[PDB]
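Worksheet: one structure, shown below.
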Amino acid sequence: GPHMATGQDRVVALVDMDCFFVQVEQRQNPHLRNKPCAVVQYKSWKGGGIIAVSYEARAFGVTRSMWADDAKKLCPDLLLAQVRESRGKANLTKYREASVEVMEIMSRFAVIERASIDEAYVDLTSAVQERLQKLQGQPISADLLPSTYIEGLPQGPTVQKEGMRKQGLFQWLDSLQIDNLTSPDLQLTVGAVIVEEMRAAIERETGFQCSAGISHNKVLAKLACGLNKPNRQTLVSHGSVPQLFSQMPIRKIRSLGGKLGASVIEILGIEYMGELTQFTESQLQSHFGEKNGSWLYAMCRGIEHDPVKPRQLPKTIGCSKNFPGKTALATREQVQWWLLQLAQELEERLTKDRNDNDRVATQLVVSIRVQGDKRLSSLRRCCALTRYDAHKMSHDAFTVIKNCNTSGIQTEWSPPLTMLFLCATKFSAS
DNA sequence: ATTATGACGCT
DNA sequence: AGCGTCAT
Ligand SMILES: Nc1nc2c(ncn2[C@H]2C[C@H](O)[C@@H](COP(=O)(O)NP(=O)(O)OP(=O)(O)O)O2)c(=O)[nH]1
Ligand SMILES: [Mg+2]
Ligand SMILES: [Mg+2]
């Protein structure tokens with residue numbers, strides 16, 4: 001009743017760039033704009049692997065993880081941009097720099113948590129409080145929310161998408177009690193106004209479009225963001241959660257798309273997030289552990305406490321390359337040359353990171369996969385990272401992995417290596 | 001022969 | 001510390 005916390009204390013937004021790498025390539029090459037197009041890495045094997053897809057190309061069924069040759073079967077006029085190759089490997093520097101452009105604009109409005117190359121969480125609670133003081137009890141015009149959807153509306157007592165969007169927004173705004181500056185729905189609405197401004201600033205200053213979700217926590221903001229991509233933002237209120245979750249497959253919630261979500265489904269015999277409400281917190285903890293159980297008990301009621309971390313920069317800087325099937329490394333000189341290529345890219349990125357961000361990595365993590373191991377990493381070893389020198393880190397990485405070589409022969413490497421991965425971690429201010 | 005990362009939990 | 005999970 002009056003003591004049951006409802007998880008409405010914060011206003012959190014999630015901003016995700018639409019088909020990000022495609023937009024980066026379309027900005028650079030206007031010939032790609034407003035076309036079915038995709039970004040690929042490599043080319044020789046099946047045309048390259050697609051990692052990003054414009055919405056025009058998605059209409060033909062083109063997806064991430066497709067081979068370009070197969071995508072061209074679905075969409076013969078598909079345009080393709082390839083990721084840069086440097087030192088024999090894909091080099092994603094252009095997209096990391098574009099990401100910094102967007103993150104620096106977002107940081108003007110609030111402290112952000114960089115959650116990936118193309119998305120950031122924003123804690124707008126304080127900014128909403130400020131804007132509410134400025135508004136002085138003045139209602140919010142629909143003109144301030146020109147690209148906002150209100151999830152669950154319109155309801156009750158009408159054919160095009162924009163018309164539907166505007167009907168829902170009108171219902172929401174008419175139901176608002178703009179007197180109470182502590183009303184969570186009002187706070188969400190003001191948060192959406194601010195996110196409209198942030199998205200306008202990103203597009204004006206970078207050319208990139210994005211979508212966003214606004215809700216009371218990170219998981220609902222992320223879910224909301226997905227509901228109306230591209231180039232739109234969605235407000236998911238606390239009140240919208242029961243209907244939203246009543247048909248929402250468990251796997252759609254971030255962190256439940258893998259084995260844990262499958263076990264929720266199988267152990268409990270349920271399909272949708274809303275069905276979780278019928279179990280006690282202790283029941284969920286008994287099946288899925290204390291932390292997972294408490295998190296599920298709260299999440300299915302729309303409640304989640306994970307804070308928006310003040311972290312604009314990635315925590316690690318890493319370099320990896322697969323060597324599939326027959327290109328796997330089977331000689332000591334091969335392993336050395338590729339460790340050096342990866343180490344040279346890492347040294348470049350680390351040096352730029354130190355200059356930009358006033359920090360130094362102190363630990364080097366070396367991960368490999370061996371032929372016939374279905375795991376991501378077959379072996380992980382750390383060593384000290386004391387200087388930004390590629391020859392040094394590649395020799396150290398070799399020193400920490402060389403005992404994996406089964407070959408009694410010193411020239412060969414067996415079993416051959418199907419993946420090398422160098423990761424700089426444990427940053428300290430410098 | 002999806003690939004290249006990044007975050008984070010577990011023990 | 002090293003491994004597993006999840007994301008995409
Ligand atoms: N190297 C690599 N990059 C990837 C991979 N998957 C995604 N990316 C890169 C390419 C993506 O552009 C970028 C952001 O990932 P999203 O936000 O999940 N997809 P997007 O922004 O394209 O479309 P949406 O409008 O649905 O948000 O990450 C991958 O497996 N490997
Ligand atoms: Mg995106
Ligand atoms: Mg994203």
Side-chain angles (χ1 to χ4, degrees), chain A residues 13-28 32-43 45-46 48-68 71 78-86 89-103 106 112-122 147 149 195 198-199 202-203 206-213 218-219 221-234 252-255 257 314 316-322 324 342 345 349 376 419 421 423:
Chain A
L14 183 269
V15 178
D16 186 275
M17 309 307 298
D18 301 328
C19 52
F20 184 46
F21 288 19
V22 168
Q23 284 203 88
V24 175
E25 299 294 331
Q26 288 174 322
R27 181 175 70 172
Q28 179 184 323
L32 305 178
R33 296 179 180 182
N34 306 306
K35 295 280 189 153
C37 58
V39 170
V40 285
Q41 42 198 11
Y42 302 119
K43 198 97 224 176
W45 188 269
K46 300 182 163 278
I50 288 171
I51 55 172
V53 186
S54 80
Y55 282 77
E56 295 83 347
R58 297 182 190 198
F60 291 86
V62 180
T63 70
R64 171 199 177 269
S65 314
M66 231 159 250
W67 298 116
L78 180 66
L79 303 178
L80 298 176
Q82 327 180 47
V83 175
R84 176 190 159 190
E85 292 173 47
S86 304
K89 69 177 292 295
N91 187 291
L92 307 175
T93 297
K94 189 197 300 182
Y95 316 103
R96 293 191 183 94
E97 299 180 346
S99 180
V100 172
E101 289 181 70
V102 168
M103 308 282 174
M106 298 185 59
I112 73 172
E113 174 180 347
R114 180 205 196 264
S116 79
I117 199 158
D118 94 317
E119 66 205 70
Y121 289 94
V122 216
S147 64
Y149 280 81
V195 173
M198 185 175 336
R199 293 185 42 252
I202 293 173
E203 185 176 7
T206 72
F208 301 144
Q209 287 179 355
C210 58
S211 298
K218 293 168 57 169
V219 171
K222 175 63 173 175
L223 187 65
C225 180
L227 291 178
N228 290 285
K229 275 196 163 255
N231 196 34
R232 295 287 183 268
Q233 56 183 61
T234 304
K252 301 301 187 177
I253 277 54
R254 204 186 71 224
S255 86
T316 58
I317 293 185
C319 287
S320 70
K321 184 168 173 45
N322 290 1
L342 283 183
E345 178 186 331
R349 286 168 60 191
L376 201 179
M419 170 304 265
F421 185 0
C423 185

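Chain naming here is simple, since letters A, B, ... match the order of the sequence lines and numbering starts at 1 in each. Both ligands and their constituent atoms are indexed starting at 1 by order of listing.
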**OP:** With salt bridge (charged side-chain N to carboxylate O under 4.0 Å, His left out) as the test, would you mind laying out the steps for A:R27 and A:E101 before giving the verdict?
**Re:** CA-CA 13 Å; A:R27 181 175 70 172; A:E101 289 181 70; 2.9 Å; yes

**OP:** Please step through salt bridge (charged side-chain N to carboxylate O under 4.0 Å, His left out) for the pair A:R349 and A:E345, ending with a clear verdict.
**Re:** CA-CA 6 Å; A:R349 286 168 60 191; A:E345 178 186 331; 3.0 Å; yes

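Protein heavy atom closest to atom 30 (O) of ligand 1, with residue, atom name and distance, is A:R64 NH2, 3.1 Å. Counting protein heavy atoms only, atom 4 (C) of ligand 1 is closest to A:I51 CB, 4.0 Å. The protein heavy atom nearest to atom 19 (N) of ligand 1 is A:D118 OD2, 4.5 Å. The nearest protein atom to atom 22 (O) of ligand 1, hydrogens excluded, is given as A:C19 CA, 3.0 Å; this is a heavy-atom distance. Atom 28 (O) of ligand 1 has A:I117 CG2, 3.8 Å as its closest protein atom, hydrogens excluded (heavy atom only). Of the protein's non-hydrogen atoms, A:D16 OD1, 2.6 Å is the one closest to atom 27 (O) of ligand 1.
On a distance-only criterion, A:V22 and ligand 1 share no N/O pair closer than 3.5 Å. Residue contacts with ligand 1: A:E119 is placed with no nitrogen or oxygen under 3.5 Å of a nitrogen or oxygen of the ligand (distance criterion only). Residue A:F21 has at least one N or O atom closer than 3.5 Å to an N or O atom of ligand 1. For the pair A:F20 and ligand 1, the shortest N or O to N or O distance falls below 3.5 Å. Between A:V53 and ligand 1, no pair of N/O atoms sits closer than 3.5 Å.
Counting heavy atoms closer than 4.0 Å to ligand 1, residue A:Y95 contributes nothing at all.
Remark: the A:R114 side chain and the A:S116 side chain contain no N/O donor-acceptor pair separated by less than 3.5 Å. At a cut-off of 3.5 Å, with distance as the only test, no side-chain donor of A:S211 or A:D16 sits close to an acceptor on the other residue.
Residue A:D118 approaches the Mg ion (ligand 3) most closely through its N/O/S atom OD1. When the N, O or S atoms of A:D16 are ranked by distance to the Mg ion (ligand 3), OD2 comes first.
Between A:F20 and A:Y95, the distance separating the two ring centers is not shorter than 6.0 angstrom.
At most 12 heavy atoms of other shown residues, nucleotides or ligands fall within 6.0 angstrom of atom NZ in A:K35.
The closest heavy-atom contact to atom 26 (O) of ligand 1, among the options A:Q41, A:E25, A:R58, comes from A:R58.
Counting backbone and side-chain atoms alike, A:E119 contributes no N/O/S atom closer than 2.8 Å to the Mg ion (ligand 2). Look at A:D18 and the Mg ion (ligand 2): no N/O/S atom of the residue is under 2.8 Å from the metal. Backbone or side-chain N, O or S atoms of A:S211 do not reach the Mg ion (ligand 2) at under 2.8 Å.
Using a 4.5 Å heavy-atom threshold, the side chains of A:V83 and A:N91 count as separate.
Separation of atoms OG1 (A:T93) and CZ (A:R84) is listed at 5.0 Å; rounding is to 0.5 Å.
For A:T234 (side chain) and A:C225 (main-chain N/O), no donor-acceptor pair under 3.5 Å exists by modelled atom type. Without hydrogens or angle criteria, A:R64 side chain to A:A52 main chain gives no donor-acceptor distance under 3.5 Å.
With A:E119 as the fixed residue, the salt bridge (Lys or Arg N to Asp or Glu O under 4.0 Å) test singles out one of A:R254, A:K218, A:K222: A:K222. When each of A:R199, A:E203, A:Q23 is paired with A:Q209, the side-chain hydrogen bond (donor to acceptor under 3.5 Å, both in side chains) condition holds for A:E203 and for no other.
The contact set between ligand 1 and A:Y55, taken as ligand atoms under 4.0 Å from a residue heavy atom, comprises 24 (P), 25 (O), 26 (O).
Protein heavy atoms are found inside the 4.0 Å sphere centred on atom 24 (P) of ligand 1.
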